[PDB]
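In what follows, a structure is listed as structure tokens, so that the remarks can point back to it.
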Amino acid sequence: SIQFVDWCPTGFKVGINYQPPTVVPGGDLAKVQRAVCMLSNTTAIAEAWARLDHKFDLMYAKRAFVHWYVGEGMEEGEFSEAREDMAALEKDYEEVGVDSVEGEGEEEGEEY
Amino acid sequence: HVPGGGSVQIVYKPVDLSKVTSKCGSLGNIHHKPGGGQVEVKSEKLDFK
């Protein structure tokens, strides 16, 4: 239910180091005989892709502040180059987490 | 006298996307080779003349 993509059943990795953490003097945290960092790729971040899709489209259709980038050596075209390239990250995240299923019609049904 | 100016027009280009290819790996391969052929290995020739 902590959902991993049907095409990645092996999607995990470990290291275990013998050196414990430590916390600067006056810092915020406890002392702990064991600690863990995690790095996990998930489609859930796509909501930020799509949030940069809303914040670019809103303000760039108005071409607000565009002349500050242009005046310092960019062109409007490369501010579209970027948008569209980011779109290919965004539409990819809109498709990668699907199931490795192939074929057409529904999955089950009836016959005479 | 006609008093001066009083007319601007908006700095506005609508936004759209073109030639954004759906290049996801979701169907990225099709190639196959069989797991070997069928053979018989369990039987003797019994070739006693």
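As shown in the structure tokens, the chain order sets the letters A, B, ...; within each chain, residues go from 1, and ligands are also counted from 1 in the order they appear.
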Can you tell me, as a PDB file with N, CA and C atoms, in the first residue's frame, what residues are no more than 9 Å from region 13-28 of chain B when counting only C-alpha atoms, ignoring any on the same chain fewer than 3 positions away?
```
ATOM      1  N   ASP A  57       3.310  29.782 -16.712  1.00  0.00           N
ATOM      2  CA  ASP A  57       2.335  30.163 -17.723  1.00  0.00           C
ATOM      3  C   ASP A  57       1.598  31.446 -17.363  1.00  0.00           C
ATOM      4  N   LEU A  58       1.215  31.622 -16.093  1.00  0.00           N
ATOM      5  CA  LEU A  58       0.580  32.794 -15.517  1.00  0.00           C
ATOM      6  C   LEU A  58       1.360  34.085 -15.765  1.00  0.00           C
ATOM      7  N   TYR A  60       4.629  34.437 -17.528  1.00  0.00           N
ATOM      8  CA  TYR A  60       5.212  34.533 -18.850  1.00  0.00           C
ATOM      9  C   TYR A  60       4.249  34.907 -19.968  1.00  0.00           C
ATOM     10  N   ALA A  61       2.949  34.596 -19.938  1.00  0.00           N
ATOM     11  CA  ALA A  61       1.971  35.027 -20.920  1.00  0.00           C
ATOM     12  C   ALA A  61       1.881  36.545 -20.824  1.00  0.00           C
ATOM     13  N   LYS A  62       2.077  37.091 -19.618  1.00  0.00           N
ATOM     14  CA  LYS A  62       2.176  38.507 -19.332  1.00  0.00           C
ATOM     15  C   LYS A  62       3.557  39.095 -19.621  1.00  0.00           C
ATOM     16  N   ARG A  63       4.541  38.311 -20.050  1.00  0.00           N
ATOM     17  CA  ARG A  63       5.955  38.598 -20.216  1.00  0.00           C
ATOM     18  C   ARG A  63       6.499  39.513 -19.134  1.00  0.00           C
ATOM     19  N   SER A  80      11.619  29.881 -23.586  1.00  0.00           N
ATOM     20  CA  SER A  80      10.779  28.831 -24.127  1.00  0.00           C
ATOM     21  C   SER A  80      11.402  27.458 -24.365  1.00  0.00           C
ATOM     22  N   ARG A  83      11.127  25.965 -21.029  1.00  0.00           N
ATOM     23  CA  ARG A  83       9.770  25.638 -20.637  1.00  0.00           C
ATOM     24  C   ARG A  83       9.421  24.280 -21.209  1.00  0.00           C
ATOM     25  N   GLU A  84       9.426  24.222 -22.542  1.00  0.00           N
ATOM     26  CA  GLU A  84       9.171  23.022 -23.317  1.00  0.00           C
ATOM     27  C   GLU A  84      10.090  21.895 -22.852  1.00  0.00           C
ATOM     28  N   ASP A  85      11.385  22.078 -22.572  1.00  0.00           N
ATOM     29  CA  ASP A  85      12.213  20.962 -22.154  1.00  0.00           C
ATOM     30  C   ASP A  85      11.643  20.489 -20.835  1.00  0.00           C
ATOM     31  N   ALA A  87       8.605  20.588 -19.864  1.00  0.00           N
ATOM     32  CA  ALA A  87       7.436  19.829 -20.242  1.00  0.00           C
ATOM     33  C   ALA A  87       7.637  18.339 -20.518  1.00  0.00           C
ATOM     34  N   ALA A  88       8.792  18.015 -21.101  1.00  0.00           N
ATOM     35  CA  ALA A  88       9.197  16.653 -21.372  1.00  0.00           C
ATOM     36  C   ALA A  88       9.601  15.941 -20.075  1.00  0.00           C
ATOM     37  N   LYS A  91       5.392  15.662 -18.493  1.00  0.00           N
ATOM     38  CA  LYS A  91       4.654  14.606 -19.203  1.00  0.00           C
ATOM     39  C   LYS A  91       5.275  13.215 -19.053  1.00  0.00           C
ATOM     40  N   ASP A  92       6.583  13.115 -18.813  1.00  0.00           N
ATOM     41  CA  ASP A  92       7.217  11.832 -18.489  1.00  0.00           C
ATOM     42  C   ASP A  92       6.780  11.350 -17.094  1.00  0.00           C
ATOM     43  N   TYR A  93       6.770  12.234 -16.089  1.00  0.00           N
ATOM     44  CA  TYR A  93       6.282  11.923 -14.762  1.00  0.00           C
ATOM     45  C   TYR A  93       4.794  11.631 -14.772  1.00  0.00           C
ATOM     46  N   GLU A  95       3.494   9.755 -17.028  1.00  0.00           N
ATOM     47  CA  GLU A  95       3.401   8.404 -17.630  1.00  0.00           C
ATOM     48  C   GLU A  95       4.267   7.308 -16.969  1.00  0.00           C
ATOM     49  N   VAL A  96       5.426   7.605 -16.379  1.00  0.00           N
ATOM     50  CA  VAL A  96       6.348   6.568 -15.853  1.00  0.00           C
ATOM     51  C   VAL A  96       5.741   5.610 -14.822  1.00  0.00           C
ATOM     52  N   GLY A  97       4.896   6.073 -13.889  1.00  0.00           N
ATOM     53  CA  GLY A  97       4.400   5.229 -12.821  1.00  0.00           C
ATOM     54  C   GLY A  97       3.292   4.269 -13.226  1.00  0.00           C
ATOM     55  N   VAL A  98       2.928   4.157 -14.510  1.00  0.00           N
ATOM     56  CA  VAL A  98       1.941   3.188 -15.017  1.00  0.00           C
ATOM     57  C   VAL A  98       2.476   1.752 -14.998  1.00  0.00           C
ATOM     58  N   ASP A  99       1.551   0.807 -15.098  1.00  0.00           N
ATOM     59  CA  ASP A  99       1.784  -0.619 -14.970  1.00  0.00           C
ATOM     60  C   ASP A  99       2.207  -1.134 -16.336  1.00  0.00           C
ATOM     61  N   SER A 100       3.126  -2.091 -16.340  1.00  0.00           N
ATOM     62  CA  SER A 100       3.631  -2.794 -17.510  1.00  0.00           C
ATOM     63  C   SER A 100       2.696  -3.742 -18.248  1.00  0.00           C
ATOM     64  N   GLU A 102      -0.118  -4.542 -21.360  1.00  0.00           N
ATOM     65  CA  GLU A 102      -0.188  -4.370 -22.811  1.00  0.00           C
ATOM     66  C   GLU A 102      -1.438  -5.087 -23.328  1.00  0.00           C
TER      67      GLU A 102
END
```
Tell me, as a CSV table (one decimal) with N, CA and C atoms, in the first residue's frame, which residues lie within 10 Å of region 27-41 of chain A, counting only C-alpha atoms; anything in the same chain fewer than 3 positions away does not count.
```
chain,number,residue,atom,x,y,z
A,11,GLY,N,13.3,-2.1,-6.0
A,11,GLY,CA,13.6,-0.7,-5.9
A,11,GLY,C,14.3,-0.1,-4.7
A,12,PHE,N,15.0,-0.9,-3.9
A,12,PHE,CA,15.5,-0.6,-2.6
A,12,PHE,C,17.0,-0.7,-2.6
A,13,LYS,N,17.7,-0.1,-1.6
A,13,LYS,CA,19.2,-0.2,-1.4
A,13,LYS,C,19.6,0.2,0.0
A,14,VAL,N,20.6,-0.5,0.5
A,14,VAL,CA,21.1,-0.2,1.8
A,14,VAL,C,22.6,0.1,1.9
A,15,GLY,N,23.0,1.1,2.7
A,15,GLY,CA,24.3,1.0,3.4
A,15,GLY,C,24.1,1.1,4.9
A,16,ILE,N,25.0,0.6,5.6
A,16,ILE,CA,25.2,0.6,7.1
A,16,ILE,C,26.6,0.9,7.4
A,17,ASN,N,26.8,2.0,8.0
A,17,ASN,CA,28.1,2.6,8.5
A,17,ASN,C,28.2,2.4,10.0
A,18,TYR,N,29.4,2.2,10.5
A,18,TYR,CA,29.7,2.0,11.9
A,18,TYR,C,29.8,3.2,12.8
A,19,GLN,N,30.1,4.3,12.1
A,19,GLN,CA,30.2,5.6,12.8
A,19,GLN,C,28.8,6.2,13.0
A,20,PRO,N,28.3,6.3,14.2
A,20,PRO,CA,27.2,7.2,14.5
A,20,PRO,C,27.1,8.6,14.1
A,21,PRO,N,25.9,9.3,14.1
A,21,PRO,CA,25.8,10.7,13.9
A,21,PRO,C,26.5,11.5,15.0
A,22,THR,N,26.5,12.8,14.9
A,22,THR,CA,26.9,13.7,16.0
A,22,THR,C,26.2,15.0,15.7
A,23,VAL,N,26.1,15.9,16.7
A,23,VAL,CA,25.2,17.1,16.6
A,23,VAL,C,26.1,18.1,17.2
A,24,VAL,N,26.2,19.2,16.4
A,24,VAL,CA,27.0,20.3,16.9
A,24,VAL,C,26.6,20.7,18.3
A,44,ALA,N,5.6,11.5,-6.7
A,44,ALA,CA,4.7,12.5,-6.0
A,44,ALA,C,5.2,13.9,-6.2
A,45,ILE,N,6.5,14.1,-6.5
A,45,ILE,CA,7.1,15.4,-6.7
A,45,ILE,C,6.5,16.1,-8.0
```
* Given the choices A:59, A:43, A:75, A:105, which gets closest to chain B if the distance is worked out from only C-alpha atoms? ->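 Closest to chain B of all the choices is A:59.
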* Please return as number ranges by chain: the residues of region 10-57 of chain A that backbone DSSP assigns to helix (DSSP H, G or I). => A: 43-57
Deliver the residues from the most recent selection as a file, using N, CA and C atoms, as an mmCIF file, in the first residue's frame.
```cif
data_model
loop_
_atom_site.group_PDB
_atom_site.id
_atom_site.type_symbol
_atom_site.label_atom_id
_atom_site.label_comp_id
_atom_site.auth_asym_id
_atom_site.auth_seq_id
_atom_site.Cartn_x
_atom_site.Cartn_y
_atom_site.Cartn_z
ATOM 1 N N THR A 43 7.011 9.459 -8.095
ATOM 2 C CA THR A 43 6.250 10.400 -8.888
ATOM 3 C C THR A 43 5.618 11.508 -8.037
ATOM 4 N N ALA A 44 5.556 11.532 -6.706
ATOM 5 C CA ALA A 44 4.706 12.499 -6.045
ATOM 6 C C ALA A 44 5.199 13.928 -6.249
ATOM 7 N N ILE A 45 6.494 14.127 -6.522
ATOM 8 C CA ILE A 45 7.100 15.419 -6.741
ATOM 9 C C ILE A 45 6.534 16.061 -8.000
ATOM 10 N N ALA A 46 5.862 15.370 -8.913
ATOM 11 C CA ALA A 46 5.325 15.936 -10.134
ATOM 12 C C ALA A 46 4.378 17.122 -9.979
ATOM 13 N N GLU A 47 3.751 17.212 -8.801
ATOM 14 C CA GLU A 47 2.950 18.336 -8.350
ATOM 15 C C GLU A 47 3.679 19.663 -8.242
ATOM 16 N N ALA A 48 4.974 19.548 -7.913
ATOM 17 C CA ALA A 48 5.842 20.675 -8.136
ATOM 18 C C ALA A 48 6.205 20.886 -9.599
ATOM 19 N N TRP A 49 6.423 19.888 -10.460
ATOM 20 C CA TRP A 49 6.591 20.105 -11.888
ATOM 21 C C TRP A 49 5.413 20.936 -12.375
ATOM 22 N N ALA A 50 4.192 20.426 -12.168
ATOM 23 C CA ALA A 50 2.944 21.075 -12.500
ATOM 24 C C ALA A 50 2.690 22.427 -11.836
ATOM 25 N N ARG A 51 3.345 22.741 -10.709
ATOM 26 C CA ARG A 51 3.274 24.032 -10.053
ATOM 27 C C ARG A 51 4.158 25.054 -10.764
ATOM 28 N N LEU A 52 5.322 24.671 -11.279
ATOM 29 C CA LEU A 52 6.137 25.443 -12.196
ATOM 30 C C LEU A 52 5.540 25.596 -13.586
ATOM 31 N N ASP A 53 4.648 24.675 -13.952
ATOM 32 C CA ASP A 53 3.833 24.828 -15.142
ATOM 33 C C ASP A 53 2.815 25.945 -14.952
ATOM 34 N N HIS A 54 2.228 26.219 -13.785
ATOM 35 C CA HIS A 54 1.193 27.199 -13.509
ATOM 36 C C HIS A 54 1.825 28.564 -13.270
ATOM 37 N N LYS A 55 2.851 28.576 -12.421
ATOM 38 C CA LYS A 55 3.644 29.774 -12.240
ATOM 39 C C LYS A 55 4.437 30.246 -13.458
ATOM 40 N N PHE A 56 4.777 29.431 -14.448
ATOM 41 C CA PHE A 56 5.426 30.003 -15.608
ATOM 42 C C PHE A 56 4.382 30.562 -16.568
ATOM 43 N N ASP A 57 3.310 29.782 -16.712
ATOM 44 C CA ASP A 57 2.335 30.163 -17.723
ATOM 45 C C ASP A 57 1.598 31.446 -17.363
#
```
* **Using only C-alpha atoms: which of B:48, B:29, B:6, B:36 has the shortest distance to chain A** =>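 Using only C-alpha atoms, chain A sits closest to B:29.
Counting from CA of residue 66 (chain A), the distance to CA of residue 9 (chain B) is 17.5 Å.
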* Asked: Between A:89, A:2, A:8, A:70, which one has atoms that come closest to chain B, using only C-alpha atoms?
  -> A:89
* **Pick from B:47, B:12, B:34, B:1 nearest to chain A, counting only C-alpha atoms** =>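 Using only C-alpha atoms, chain A sits closest to B:12.
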* To do: Would you mind reading off the distance between CA of residue 11 (chain B) and CA of residue 86 (chain A), one decimal, in Å?
  =>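 A separation of 24.4 Å between them.
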